[PDB]
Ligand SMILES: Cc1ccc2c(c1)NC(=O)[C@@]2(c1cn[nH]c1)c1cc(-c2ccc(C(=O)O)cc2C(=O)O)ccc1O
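Shown below, as structure tokens, is a lone chain in the form solved without this ligand; questions about how it binds or moves come after it.
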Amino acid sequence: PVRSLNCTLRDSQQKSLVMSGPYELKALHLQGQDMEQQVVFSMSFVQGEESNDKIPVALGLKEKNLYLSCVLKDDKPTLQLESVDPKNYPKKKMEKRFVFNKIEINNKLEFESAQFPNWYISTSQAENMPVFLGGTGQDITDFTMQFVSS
């Protein structure tokens, strides 16, 4: 059965990720009690081409049938949160739209869409803006991961 880890992510400006309605995430500076708003991910280690510093993963919300995915929307590569059938997920052979290449860069991580080369999970420098898929340099594409208890 597919292996997964609970974790949080923060961008390189130490912004945490929170829900923004049902199908979007946003990034903001949180500390103290307000950190509890952050989203916990279940990162699954899925099928795909890999190397030492590039590992295919899927990013689901912990104990929710919701996954980050990359699709064309109005003809542009876009990040979305997508609902799935909870009987069938997670699985090792995730569909390509759900796969990200987790890449080590210096002491940080980037998450490249496997479907759209050189498009990355990104945040803006401004507070309270959506997490999005970026093809680029003001926008932030590097993150750190924090491990969470099972």
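Here the rigid core means the biggest group of C-alpha atoms that line up within 1.5 Å when the two forms are laid on top of each other. Residue indices: 1-based, along the sequence shown.
- Counting the deposited residues that fall between residue 136 and residue 137 and carry no coordinates gives a value of 1 to 3.
- Note on 87-95 vs 29-37: mean CA B-factor is higher in 29-37.
- Looking at mean Cα B-factors across 137-145 and 6-14, the upper value is held by 137-145.
- In this entry, the residue among 113, 106, 42, 122 with the greatest C-alpha B factor is 106.
- Ranked within its chain, residue 19 lands in the middle third, by CA B factor from the PDB record.
- Looking at the C-alpha B-factors along this chain, the one for residue 51 belongs to the highest third.
Same protein, other form: the form solved in complex with this ligand, not shown, and the subject of what follows.
- Site status: blocked, since this ligand, placed by superposing the C-alphas around its site in the bound PDB entry, has 3 or more atoms within 2.4 Å of backbone or C-beta atoms.
- Mapping the unseen interface onto this chain, residue 85 falls outside it, with no heavy atom inside 4.5 Å of this ligand in the bound PDB entry.
- In the bound PDB entry, residue 56 approaches this ligand with a heavy atom inside 4.5 Å.
- Using a 4.5 Å cutoff between non-hydrogen atoms, residue 101 counts as a contact of this ligand in the bound PDB entry.
- When contacts are judged by a 4.5 Å heavy atom cut-off, residue 29 does not count as touching this ligand in the bound PDB entry.
- In the core-aligned comparison between this form and the one not shown, the C-alpha of 46 is the only one from 68, 114, 121, 46 that shifts by 2 Å or more.
- Distance between the C-alpha atoms of residue 48 and residue 77: longer by at least 3 Å in the bound PDB entry than in the displayed form.
- Distance between the C-alpha atoms of residue 48 and residue 76: longer in the bound PDB entry than here (change of 3 Å or more).
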